[PDB]
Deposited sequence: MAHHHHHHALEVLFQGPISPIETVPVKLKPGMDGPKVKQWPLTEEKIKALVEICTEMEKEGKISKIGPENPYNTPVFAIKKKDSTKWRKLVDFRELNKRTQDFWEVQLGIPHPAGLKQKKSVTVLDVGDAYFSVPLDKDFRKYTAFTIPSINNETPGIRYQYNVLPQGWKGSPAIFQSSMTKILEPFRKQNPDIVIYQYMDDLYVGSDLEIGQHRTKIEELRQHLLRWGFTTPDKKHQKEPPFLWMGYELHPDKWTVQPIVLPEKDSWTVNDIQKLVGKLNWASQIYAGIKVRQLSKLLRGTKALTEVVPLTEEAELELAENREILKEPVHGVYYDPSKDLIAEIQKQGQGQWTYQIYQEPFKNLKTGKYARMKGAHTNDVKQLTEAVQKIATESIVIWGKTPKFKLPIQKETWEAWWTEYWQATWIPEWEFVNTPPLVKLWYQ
């Protein structure tokens, strides 16, 4: 086979990111995985004259004990040429989010049968660490299409189309979407019959070389206003501030007639009766918050952003947007683990499910704004990661002024 010429973006150098510490069980797994890969010639031992590096770690699913090497190519992918500039990119089918159930298959192994541009391999170096720094780090670079590199689905796109089309030929009602190392395969068949054509799909690929999602249960939870039969000054101030915020998102929401219900310097716990002109204002605003906001459309040329808020008792709210206050989706994630003692685990799982939904719906993951300290996240998150991809993220600290999304 002939390699495809690959370039970084103009004026950019390759990744130079330090390896972070790994536990014993993860180091063992990398060493087993990488030495078998070196024997098969998929990676090559290198030295320090290669100035590039990318962090590596390992993730084990609850369902399958078998470890899975995971390289953080997030930096490399940002500096790699677009394959929409060369038009070798693969589109997303808008018929996936409609499906009854969607299974996710890890097809990363198909990439290991295609060589990578000799001049590009050096950008893929990684380093395995040493318990108690007993030895210096051990370095490899890839010789084939790496798992996690954004260029592998693009280079191997054509090969993927021809392997699948018999299956697509024979099941026109099923939709398959590649996203990096993953296949998202959705159908409308019964819960147990759906699974068997999943296993039929497997062995067609196995011949050459997680769990069921359910999209039509991805309920949108909107902005709600409390209802009591008594209203304190504090209740009306908290409601006026909450709608004054929502007027940046919705249209035609007014506070003039609940505002001067609070005319004067009143005590916070004094019970104020509602004007008729105030129930007029409130019952109306309640249903602008009912159904979604007119005029918000997805734009594939812009990035997706996700904000999450911790709400307590295991619940987490989130919003996905591209322009501020023009949400394409608002939701609430709940924890069914039952441990009820981990906040980082919950957030880590929340980012995977939110990201999964954006893949199914729009075909790419959003950049997350995470409600956690950088160093708390980095102490623990890899303990709970189960996806073969990793989204972009940043860390924010904004207290609630409103509890807008409760």
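Not built in the structure, per the record, are deposited positions 1 to 20, 230 to 246, 444.
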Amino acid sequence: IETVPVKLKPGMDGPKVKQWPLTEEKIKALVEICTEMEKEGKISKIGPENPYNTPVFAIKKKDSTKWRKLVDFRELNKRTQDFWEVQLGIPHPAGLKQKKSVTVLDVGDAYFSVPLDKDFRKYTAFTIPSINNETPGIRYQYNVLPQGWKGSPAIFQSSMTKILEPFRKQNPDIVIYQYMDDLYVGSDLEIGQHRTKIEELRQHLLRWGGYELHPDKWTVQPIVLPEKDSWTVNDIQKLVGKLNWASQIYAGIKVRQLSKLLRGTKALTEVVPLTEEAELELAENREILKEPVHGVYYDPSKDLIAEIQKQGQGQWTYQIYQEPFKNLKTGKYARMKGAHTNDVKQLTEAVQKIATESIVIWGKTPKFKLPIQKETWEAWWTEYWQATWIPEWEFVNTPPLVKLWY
From here on, numbers count along this sequence of modelled residues.
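Take the two forms, find the largest set of C-alpha atoms that superpose within 1.5 Å, and that set is the rigid core.
Once the rigid core is used to overlay the structures in 9 other deposited structures of this protein, the stretch among 332 to 340 and 224 to 232 whose CA atoms lie farther from this form is 332 to 340. Once the structures in 9 other deposited structures of this protein are superposed via the core, the pair 297 to 305 and 85 to 93 is resolved in favour of 85 to 93 as the more displaced stretch (C-alpha RMS). Taking only CA atoms, the mean B-factor in the PDB entry is higher for 96 to 104 than for the other of 96 to 104 and 315 to 323. Relative to its counterpart among 278 to 286 and 173 to 181, 278 to 286 has the higher mean temperature factor, C-alpha atoms as listed in the PDB entry. Of the candidates 134, 85, 307, 303, the PDB record gives 85 the highest C-alpha temperature factor. Between the residues 353, 62, 369, 69, it is 62 that shows the highest Cα B-factor in the PDB record. Per-chain ranking of the deposited C-alpha B factor places residue 35 in the middle third. Among all modelled residues in this chain, the alpha-carbon of residue 156 has a temperature factor (C-alpha) in the middle third.
Compared with the other modelled residues of the chain, the Cα B-factor recorded for residue 122 ranks in the middle third. Sort the chain's modelled residues by C-alpha temperature factor and residue 112 lands in the middle third, per the entry. The entry lists a Cα temperature factor for residue 42 that places it in the middle third of the chain's modelled residues.
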